There are 2 protein chains.
Amino acid sequence: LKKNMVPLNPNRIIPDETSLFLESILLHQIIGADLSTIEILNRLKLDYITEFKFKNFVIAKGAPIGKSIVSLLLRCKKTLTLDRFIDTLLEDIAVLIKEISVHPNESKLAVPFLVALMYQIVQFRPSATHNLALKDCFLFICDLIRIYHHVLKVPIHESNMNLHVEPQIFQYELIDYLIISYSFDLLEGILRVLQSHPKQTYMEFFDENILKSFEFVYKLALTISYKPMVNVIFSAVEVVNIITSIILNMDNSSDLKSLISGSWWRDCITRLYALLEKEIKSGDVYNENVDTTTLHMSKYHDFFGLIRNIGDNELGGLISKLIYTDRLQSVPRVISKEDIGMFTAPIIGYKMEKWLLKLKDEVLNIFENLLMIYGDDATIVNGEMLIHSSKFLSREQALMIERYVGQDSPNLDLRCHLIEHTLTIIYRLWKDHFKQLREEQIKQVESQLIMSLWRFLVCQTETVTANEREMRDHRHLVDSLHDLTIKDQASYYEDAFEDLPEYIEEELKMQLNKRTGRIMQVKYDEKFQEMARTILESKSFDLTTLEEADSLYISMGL
Amino acid sequence: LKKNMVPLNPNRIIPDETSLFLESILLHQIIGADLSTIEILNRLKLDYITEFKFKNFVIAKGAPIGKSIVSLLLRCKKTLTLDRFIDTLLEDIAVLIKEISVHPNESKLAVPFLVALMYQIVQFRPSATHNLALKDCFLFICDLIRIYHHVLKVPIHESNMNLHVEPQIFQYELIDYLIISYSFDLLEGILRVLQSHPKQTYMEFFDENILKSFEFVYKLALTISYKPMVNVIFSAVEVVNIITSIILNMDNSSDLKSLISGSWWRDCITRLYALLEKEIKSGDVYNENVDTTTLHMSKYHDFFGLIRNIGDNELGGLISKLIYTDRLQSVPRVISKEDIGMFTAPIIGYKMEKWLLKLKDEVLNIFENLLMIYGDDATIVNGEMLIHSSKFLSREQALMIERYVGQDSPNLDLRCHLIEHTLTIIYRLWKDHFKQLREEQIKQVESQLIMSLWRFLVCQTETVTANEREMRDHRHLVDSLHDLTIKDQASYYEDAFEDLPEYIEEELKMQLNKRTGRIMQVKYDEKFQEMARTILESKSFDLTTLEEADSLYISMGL
């Protein structure tokens, strides 16, 4: 009777999750380093704090620090289950980072590896990390960054008599760059594991102090008057993405919104506007050039970081060469600063452009989110998302048409995705938020709005493509890199791309065609033509009179 | 219908046994040492082997060794289950011990801690250690001891012109004493985890090479012409105990017995005879005195060892002070040899006598075993167990009656247990093995056999105890220490000894009475009187004529 059911396993090995977590801590290794993180902390002592102790976490004066970490780990594996083992490790390593940090004489070499270790502790099982531990860890990392106040506050230009006669040493600068970058990466990690918790419990994380501390550190990261560290700009805007994305996806959204003032957003969005108007150019990413106009990714902080692999990791060998690896020490191993740099490839510049274009996609994506949060009018959905976004759309169509077509870079498609995205940031601002699009603000960008819509409606002529034979000749000219990409995807990495049955490559010779149309800046997609049509031609606001509009239509045909 | 059964657990956490084994390795620590064993091996490098590698177990030249152990442990936790994780660790640490050992220039400081670590690997789950790993580990430890050939071969007495002008250093001597003692302790551990396996599979362990290698190392340990190390004598006779005990407790006992020659036993038993005739005296245990007559436990090897806690562990601080603990080194930290020794307590001598009396109980216990193996006659159950055991019985009755009664030492009872045990080693030799008790050999000990039986049959008079009132006055005189022992057991450590219902202390005032009788050397137990009666009076052999026997009976009464 009912011999159908799936039979259980009588000897289920539910794996010991705290043992897996112990092992993932013990063989945690940051990319490019020779030793493991615990095996670097076995080579570190702290010789000014004569006796560290918080809660049976004694470190002696000359003892290895990672000796005490692995003693804590073994001692608290036996005792605590996973959700208590996590926050025990978080508060103990936090207190150690704290009193190594607030000290006048002591070197801070243990701090980057303890922050990376703390990040490995947080993100291991995101369901197991209770969010009061996340709250305390978030507040600790924010005031840890305000301890390292000066790393994100180097001035733009130095003295003319700033003589570079100095030992030119990089090891302390490398340490506090690692501290700041791993700290911002840990803030992103805290908020994305908090994003994974059930959606009724976000108020256990958020209070006044969370948002004040992130307001300080966000004004610190997306700087105006100091040299930008791009590593922290990525993470500092991804935090704002996680914030808007959970304001959209929680039920009691009022408590976050009533907890946030208007000044928080109108200090955030102006720095996002100042970030969206910066330039992304391959030939001078890694250059040091004019300030606050080129997102540029400095040579002196080029490593991966804890989440995403952002440069080519040129400073990853120096993390391993920051310690002597056969010795127990406190001061750093000497890294010369001008030995790095040695000319082979500008492909590195192309992929750093790829990251910076995804950064601008991120910025106008959180614009797209907080249109949807503040669907009703406020201080912040206030018409300057016509000004800055239409300036952006118009210039990234203009120098696309003037500069990028036929330049065999991988980053063209994404760069003509940005415009294709930000039109929609125009469009739902036009259709669904016209009540705040003030008449004085629309005429600040009446040039650029109308011209940017015109460069979409020019594609309805379409005397270019119309067939298949010369379009593939065009994509030999503009889009050979994506032919290499799709052949490498077809021969290695895609399950659908073998034994192609003459219906799956007739979709390829539809979508490569519409891709190379959308790159060649004639024949965009029909839907974006409609969205650009129903802004200019629609009578919600008179952009053009009827005798000024057909002066634009005669410059296509019509 | 049948709502009686015990309900199972739907969320059984079967604990990950290889995680527990990983943790027991990582926090293994030998008694008296400051650091853990892995944490000592983090402080050791090997700077003459420029690159060690066996099977992806690479050690660099200046790397920490315990770094490579913990790398192997983490790497093989993921992959191997427990019975393969064990023998992977055994053969890898064996190859490391091997090529550190056979090297002319390299210091051998890693070897004691790797042997102690190997012992922790073996005995963790004895059911999980497959016995071919035990066979290979046994053969490795036996030829490891024959590598350290010279530790158990220092001569008895030195030159008169052996000037003690020399740096007088102990650290290398401490290392190879630790190597030999932990190796013999590991041989005992191999054979007792092999003793715990199911009794059909002993032939997977034993072959010719096992018994030849233990024959060599057993002739090496129980020495004749060299200075004895008592640490290895305990373990080397406990191995012979495990061998005789499993020959008694296996089904196919012939294969062990056909694998053992007669020369193996007749070289074993003569060294056991030479061990049974040594003296145990408290005032010169820890002295250095005349050779091969006093079991004496030298000052220069007084530590615990891996199984049993044998001395007071005076050299346990020097194991921790053998390394610099803030440094990665290869040569030992300098230990002065004549700093030890500083007079407070001869209680240490009493408990070392307690161990040596248990050692003699062990020797005549394996005599009792191999009477039962070779119930039929052989080369070895051959009548000299009348000579040596009756010499032993007669002298340990004689100087008990002359020296020990009223000397308030804890070791009296056990010393009058030995005689009470070895009478039975006489008795079943008398009753059940008379076919080989040759007539010429009985008259070699006809003095001592008859006198030792006479000192039991003198107790049938019993005009001493006969009541309760003066027997407790006698045990104030001879046995006050056991009153302290039973009061400490009664007030702290025994569940039955509270609310004593006047039937459980009326057994105490039976058994303290028979204990103090058996100590006072008048009124032994009635059963041992019968065993001594049915040897002398019985007519299996005419020890006495009928007119010589009543000359012995008139010296009691009769």
# chains A, B, ... in the order shown; residues from 1 in each chain; ligands from 1
>>> residues_around(residues="residue 278 (chain A)", least_positions_apart="4", cutoff="8 Å", atoms="only C-alpha atoms", output="PyMOL selection string")
chain A and resi 274+292-295
>>> write_last_selection(atoms="N, CA, C and O atoms", output="mmCIF file, in the first residue's frame")
data_model
loop_
_atom_site.group_PDB
_atom_site.id
_atom_site.type_symbol
_atom_site.label_atom_id
_atom_site.label_comp_id
_atom_site.auth_asym_id
_atom_site.auth_seq_id
_atom_site.Cartn_x
_atom_site.Cartn_y
_atom_site.Cartn_z
ATOM 1 N N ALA A 274 27.707 64.144 -8.727
ATOM 2 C CA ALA A 274 29.105 64.447 -8.982
ATOM 3 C C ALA A 274 29.891 63.223 -9.416
ATOM 4 O O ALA A 274 30.938 63.372 -10.051
ATOM 5 N N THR A 292 38.695 64.818 -9.909
ATOM 6 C CA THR A 292 37.231 64.771 -9.781
ATOM 7 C C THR A 292 36.489 64.796 -11.115
ATOM 8 O O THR A 292 35.292 65.088 -11.155
ATOM 9 N N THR A 293 37.182 64.519 -12.215
ATOM 10 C CA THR A 293 36.570 64.431 -13.524
ATOM 11 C C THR A 293 36.842 63.109 -14.206
ATOM 12 O O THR A 293 36.086 62.740 -15.100
ATOM 13 N N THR A 294 37.891 62.392 -13.813
ATOM 14 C CA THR A 294 38.200 61.075 -14.348
ATOM 15 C C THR A 294 38.264 60.084 -13.197
ATOM 16 O O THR A 294 39.115 60.214 -12.313
ATOM 17 N N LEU A 295 37.357 59.116 -13.203
ATOM 18 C CA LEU A 295 37.489 57.948 -12.345
ATOM 19 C C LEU A 295 38.733 57.179 -12.751
ATOM 20 O O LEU A 295 38.821 56.698 -13.881
#
>>> closest_atom_pairs(of="chain A", to="chain B", cutoff="8 Å", atoms="only C-alpha atoms", output="tab-separated table")
residue	atom	partner	partner_atom	distance
A:12	CA	B:14	CA	7.9
A:13	CA	B:14	CA	6.3
A:14	CA	B:13	CA	6.3
A:15	CA	B:16	CA	6.6
A:16	CA	B:16	CA	6.0
A:19	CA	B:19	CA	6.2
A:23	CA	B:74	CA	6.8
A:26	CA	B:74	CA	7.9
A:27	CA	B:74	CA	7.4
A:39	CA	B:67	CA	7.7
A:62	CA	B:326	CA	6.5
A:63	CA	B:326	CA	6.5
A:64	CA	B:326	CA	7.7
A:67	CA	B:39	CA	7.7
A:74	CA	B:23	CA	6.8
A:325	CA	B:63	CA	7.9
A:326	CA	B:63	CA	6.5
A:327	CA	B:327	CA	6.5
A:328	CA	B:327	CA	6.6
>>> closest_residue(among="B:305, B:66, B:198, B:189", to="residue 30 (chain B)", atoms="only C-alpha atoms")
B:305
>>> residues_around(residues="residue 427 (chain A)", least_positions_apart="3", cutoff="10 Å", atoms="only C-alpha atoms", output="PDB file with N, CA, C and O atoms, in the first residue's frame")
ATOM      1  N   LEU A 386      16.262  65.207 -14.244  1.00  0.00           N
ATOM      2  CA  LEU A 386      16.323  65.530 -15.659  1.00  0.00           C
ATOM      3  C   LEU A 386      17.661  66.126 -16.031  1.00  0.00           C
ATOM      4  O   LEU A 386      18.233  65.724 -17.045  1.00  0.00           O
ATOM      5  N   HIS A 421      19.877  52.542 -20.699  1.00  0.00           N
ATOM      6  CA  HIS A 421      19.259  52.478 -19.389  1.00  0.00           C
ATOM      7  C   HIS A 421      18.791  53.858 -18.949  1.00  0.00           C
ATOM      8  O   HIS A 421      17.672  53.998 -18.442  1.00  0.00           O
ATOM      9  N   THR A 422      19.591  54.905 -19.193  1.00  0.00           N
ATOM     10  CA  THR A 422      19.258  56.176 -18.556  1.00  0.00           C
ATOM     11  C   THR A 422      18.123  56.903 -19.252  1.00  0.00           C
ATOM     12  O   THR A 422      17.496  57.758 -18.621  1.00  0.00           O
ATOM     13  N   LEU A 423      17.827  56.545 -20.507  1.00  0.00           N
ATOM     14  CA  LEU A 423      16.586  56.966 -21.145  1.00  0.00           C
ATOM     15  C   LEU A 423      15.376  56.552 -20.324  1.00  0.00           C
ATOM     16  O   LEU A 423      14.456  57.354 -20.118  1.00  0.00           O
ATOM     17  N   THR A 424      15.382  55.317 -19.811  1.00  0.00           N
ATOM     18  CA  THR A 424      14.297  54.877 -18.945  1.00  0.00           C
ATOM     19  C   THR A 424      14.301  55.643 -17.632  1.00  0.00           C
ATOM     20  O   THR A 424      13.233  55.900 -17.069  1.00  0.00           O
ATOM     21  N   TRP A 430       9.554  60.992 -16.671  1.00  0.00           N
ATOM     22  CA  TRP A 430       8.657  61.792 -17.489  1.00  0.00           C
ATOM     23  C   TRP A 430       7.213  61.371 -17.288  1.00  0.00           C
ATOM     24  O   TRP A 430       6.343  62.204 -17.012  1.00  0.00           O
ATOM     25  N   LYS A 431       6.938  60.079 -17.437  1.00  0.00           N
ATOM     26  CA  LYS A 431       5.561  59.613 -17.465  1.00  0.00           C
ATOM     27  C   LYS A 431       4.950  59.569 -16.072  1.00  0.00           C
ATOM     28  O   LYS A 431       3.786  59.939 -15.893  1.00  0.00           O
ATOM     29  N   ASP A 432       5.713  59.142 -15.075  1.00  0.00           N
ATOM     30  CA  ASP A 432       5.148  58.854 -13.770  1.00  0.00           C
ATOM     31  C   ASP A 432       5.538  59.859 -12.699  1.00  0.00           C
ATOM     32  O   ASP A 432       5.085  59.727 -11.561  1.00  0.00           O
ATOM     33  N   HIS A 433       6.358  60.855 -13.018  1.00  0.00           N
ATOM     34  CA  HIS A 433       6.784  61.810 -12.003  1.00  0.00           C
ATOM     35  C   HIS A 433       6.805  63.222 -12.553  1.00  0.00           C
ATOM     36  O   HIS A 433       7.695  64.013 -12.231  1.00  0.00           O
ATOM     37  N   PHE A 528      12.792  51.570 -27.146  1.00  0.00           N
ATOM     38  CA  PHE A 528      13.424  52.803 -26.703  1.00  0.00           C
ATOM     39  C   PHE A 528      13.104  53.948 -27.645  1.00  0.00           C
ATOM     40  O   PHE A 528      13.041  55.102 -27.209  1.00  0.00           O
ATOM     41  N   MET A 531       9.751  54.989 -26.204  1.00  0.00           N
ATOM     42  CA  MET A 531       9.926  55.769 -24.981  1.00  0.00           C
ATOM     43  C   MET A 531      10.473  57.154 -25.268  1.00  0.00           C
ATOM     44  O   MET A 531      10.092  58.122 -24.604  1.00  0.00           O
ATOM     45  N   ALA A 532      11.332  57.284 -26.270  1.00  0.00           N
ATOM     46  CA  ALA A 532      11.809  58.613 -26.606  1.00  0.00           C
ATOM     47  C   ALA A 532      10.776  59.400 -27.397  1.00  0.00           C
ATOM     48  O   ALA A 532      10.771  60.633 -27.346  1.00  0.00           O
ATOM     49  N   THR A 534       7.362  59.179 -26.960  1.00  0.00           N
ATOM     50  CA  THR A 534       6.300  59.598 -26.060  1.00  0.00           C
ATOM     51  C   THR A 534       6.769  60.531 -24.959  1.00  0.00           C
ATOM     52  O   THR A 534       6.049  60.700 -23.972  1.00  0.00           O
ATOM     53  N   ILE A 535       7.949  61.123 -25.072  1.00  0.00           N
ATOM     54  CA  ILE A 535       8.347  62.246 -24.243  1.00  0.00           C
ATOM     55  C   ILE A 535       8.310  63.543 -25.036  1.00  0.00           C
ATOM     56  O   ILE A 535       7.719  64.533 -24.603  1.00  0.00           O
TER      57      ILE A 535
END
>>> residues_around(residues="residue 128 (chain A)", least_positions_apart="3", cutoff="9 Å", atoms="only C-alpha atoms", output="ChimeraX atom specification")
/A:82-84,86,122,124-125
>>> write_last_selection(atoms="N, CA and C atoms", output="PDB file, in the first residue's frame")
ATOM      1  N   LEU A  82      26.791  27.645  16.205  1.00  0.00           N
ATOM      2  CA  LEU A  82      27.346  28.490  15.147  1.00  0.00           C
ATOM      3  C   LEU A  82      26.936  29.952  15.290  1.00  0.00           C
ATOM      4  N   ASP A  83      25.678  30.222  15.640  1.00  0.00           N
ATOM      5  CA  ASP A  83      25.243  31.611  15.757  1.00  0.00           C
ATOM      6  C   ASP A  83      25.859  32.334  16.950  1.00  0.00           C
ATOM      7  N   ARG A  84      26.362  31.605  17.942  1.00  0.00           N
ATOM      8  CA  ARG A  84      27.115  32.221  19.026  1.00  0.00           C
ATOM      9  C   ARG A  84      28.611  32.198  18.777  1.00  0.00           C
ATOM     10  N   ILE A  86      29.889  32.721  15.886  1.00  0.00           N
ATOM     11  CA  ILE A  86      30.090  33.862  14.993  1.00  0.00           C
ATOM     12  C   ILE A  86      30.229  35.161  15.776  1.00  0.00           C
ATOM     13  N   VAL A 122      31.751  36.755   8.723  1.00  0.00           N
ATOM     14  CA  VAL A 122      30.397  37.259   8.491  1.00  0.00           C
ATOM     15  C   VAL A 122      29.697  36.485   7.376  1.00  0.00           C
ATOM     16  N   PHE A 124      30.008  33.624   5.867  1.00  0.00           N
ATOM     17  CA  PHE A 124      30.114  32.181   5.684  1.00  0.00           C
ATOM     18  C   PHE A 124      28.750  31.522   5.576  1.00  0.00           C
ATOM     19  N   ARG A 125      27.961  31.583   6.637  1.00  0.00           N
ATOM     20  CA  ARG A 125      26.544  31.273   6.536  1.00  0.00           C
ATOM     21  C   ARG A 125      25.777  32.546   6.837  1.00  0.00           C
TER      22      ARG A 125
END
>>> residues_around(residues="residue 266 (chain B)", least_positions_apart="6", cutoff="12 Å", atoms="only C-alpha atoms", output="MDAnalysis selection string")
chainID B and resid 215 219 260 272:273 378:382 384
>>> closest_residue(among="B:515, B:487, B:199, B:157", to="residue 246 (chain B)", atoms="only C-alpha atoms")
B:199
>>> residues_around(residues="region 464-477 of chain B", least_positions_apart="2", cutoff="12 Å", atoms="only C-alpha atoms", output="PyMOL selection string")
chain B and resi 404-409+458-462+479-484+506+508-524
>>> write_last_selection(atoms="C-alpha atoms", output="CSV table (one decimal), in the first residue's frame")
chain,number,residue,atom,x,y,z
B,404,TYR,CA,58.6,-3.1,56.6
B,405,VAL,CA,56.1,-3.8,59.4
B,406,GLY,CA,55.5,-0.5,61.1
B,407,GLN,CA,57.3,1.8,58.6
B,408,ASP,CA,54.1,3.9,57.6
B,409,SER,CA,54.7,3.7,53.8
B,458,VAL,CA,52.4,-20.3,60.5
B,459,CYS,CA,49.2,-18.2,60.3
B,460,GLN,CA,46.9,-21.0,61.0
B,461,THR,CA,47.8,-20.7,64.7
B,462,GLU,CA,46.3,-17.2,64.9
B,479,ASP,CA,48.2,0.9,58.6
B,480,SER,CA,47.2,4.5,59.5
B,481,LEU,CA,47.8,5.6,55.9
B,482,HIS,CA,45.0,3.4,54.7
B,483,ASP,CA,42.8,4.9,57.3
B,484,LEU,CA,43.5,8.3,55.7
B,506,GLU,CA,30.6,-3.9,59.2
B,508,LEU,CA,34.7,-2.4,56.5
B,509,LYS,CA,35.5,-3.7,60.0
B,510,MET,CA,35.9,-7.1,58.3
B,511,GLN,CA,38.1,-6.1,55.4
B,512,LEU,CA,40.3,-3.5,57.2
B,513,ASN,CA,40.9,-6.2,59.7
B,514,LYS,CA,41.9,-8.8,57.1
B,515,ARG,CA,44.0,-6.1,55.4
B,516,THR,CA,45.9,-5.3,58.5
B,517,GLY,CA,46.3,-9.0,59.2
B,518,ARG,CA,47.7,-9.5,55.8
B,519,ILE,CA,50.1,-6.6,56.3
B,520,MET,CA,51.2,-7.6,59.8
B,521,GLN,CA,52.4,-11.0,58.3
B,522,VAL,CA,50.4,-13.0,60.8
B,523,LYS,CA,46.9,-14.2,59.6
B,524,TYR,CA,47.0,-14.1,55.8
>>> residues_around(residues="residue 69 (chain A)", least_positions_apart="6", cutoff="9 Å", atoms="only C-alpha atoms", output="PDB file with C-alpha atoms, in the first residue's frame")
ATOM      1  CA  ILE A  38      45.814  32.745   9.981  1.00  0.00           C
ATOM      2  CA  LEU A  41      48.719  36.167  11.927  1.00  0.00           C
ATOM      3  CA  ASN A  42      51.028  33.415  13.238  1.00  0.00           C
ATOM      4  CA  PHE A  57      41.200  35.856  24.707  1.00  0.00           C
ATOM      5  CA  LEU A  89      34.529  35.809  17.062  1.00  0.00           C
ATOM      6  CA  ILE A  93      38.369  40.277  16.874  1.00  0.00           C
TER       7      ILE A  93
END
>>> atom_distance(atom1="CA of residue 65 (chain A)", atom2="CA of residue 113 (chain B)")
22.5 Å
>>> atom_distance(atom1="CA of residue 105 (chain B)", atom2="CA of residue 28 (chain B)")
29.2 Å
>>> select_by_dssp(residues="region 284-336 of chain A", states="helix (DSSP H, G or I)", output="list in words")
residues 284, 317, 318, 319 and 320 of chain A
>>> closest_residue(among="B:53, B:130, B:299, B:391", to="residue 96 (chain B)", atoms="only C-alpha atoms")
B:53
>>> atom_distance(atom1="CA of residue 420 (chain A)", atom2="CA of residue 525 (chain A)")
9.1 Å
>>> closest_residue(among="A:153, A:539, A:337, A:351", to="residue 414 (chain A)", atoms="only C-alpha atoms")
A:351
>>> select_by_dssp(residues="region 149-303 of chain B", states="strand (DSSP E or B)", output="ChimeraX atom specification")
/B:155,169,226,279,294
>>> write_last_selection(atoms="C-alpha atoms", output="PDB file, in the first residue's frame")
ATOM      1  CA  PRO B 155      78.029   1.923  29.763  1.00  0.00           C
ATOM      2  CA  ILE B 169      74.491  20.218  28.339  1.00  0.00           C
ATOM      3  CA  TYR B 226      74.260  -1.030  29.983  1.00  0.00           C
ATOM      4  CA  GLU B 279      65.492  -4.409  44.505  1.00  0.00           C
ATOM      5  CA  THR B 294      68.021  -1.572  42.058  1.00  0.00           C
TER       6      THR B 294
END
